[PDB]
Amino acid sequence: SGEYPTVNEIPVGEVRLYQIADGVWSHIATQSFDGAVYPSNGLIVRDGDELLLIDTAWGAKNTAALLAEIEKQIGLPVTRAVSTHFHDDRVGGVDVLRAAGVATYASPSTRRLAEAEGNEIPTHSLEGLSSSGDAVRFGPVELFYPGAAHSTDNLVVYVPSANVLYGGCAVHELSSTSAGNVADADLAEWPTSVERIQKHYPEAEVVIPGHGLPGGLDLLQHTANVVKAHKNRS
């Protein structure tokens, strides 16, 4: 009823939307992985009379439910989607999107990693993002490659009309106590990549993590802190 929805508030297979700003929503879904349930976020951005989707809802059935929720709550067609790295919480559901008429995009790095790991593969490659600090425009957003962090391919998304920074899984929520799933991470470079985000988007008003609650710019510094401490404990 208005609060940001949480993991215990969304059954696996349902999707919620949350209004972030004019023409900007997050999507929230839950999924089981190795015997535990986790929430995950994505983004929806109005693109005239169409919508741009950032990230799947972590699975085929979740992503079909996402499309149905968009049709119910917004009623504009999703025409393009961008996946911000190669893990299943970002690309799982790309086949559902593609069969629904959505054009799917990711960096060449993401596409190669998804293919090699057996995850679903976005159709179109996003050039111009291969060096840290690179940025390109994509409809109503800017895509930014900050460097290796949660994964070597992770991208961040900025919505300039609303000063919304979607960090994806390179950014953690304020309540986080560790750096999440670090299987494919570069803990040594992650603080430098977060610093690049901070320097590139100093006017961000809302920061959305890949999992958990949005907040303000403090999510970036908190992420650097938890990552350094993870490496320090380990």
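Residue numbers run from 1 along the displayed sequence.
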| property | result |
| --- | --- |
| Stretch with the greater mean C-alpha B-factor as recorded in the entry, comparing 20-28 against 222-230 | 222-230 |
| Between the two ranges 164-172 and 182-190, the one averaging a larger CA B factor in the entry | 182-190 |
| Which of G139, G75, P122, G128 ranks first by CA B-factor in the deposited coordinates | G75 |
| Highest recorded Cα temperature factor - choice among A148, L155, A100, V159 | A100 |
| Assigned third (lowest, middle, highest) for the C-alpha B factor of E205 | highest |
| Third of the chain's Cα B-factor distribution that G35 belongs to, per the entry | highest |
| Cα B factor band for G48 (lowest, middle or highest third within the chain) | highest |
| Chain third (lowest, middle, highest) by recorded CA B-factor, residue given as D88 | lowest |
| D55 by Cα B-factor - lowest, middle or highest third of the modelled chain | lowest |
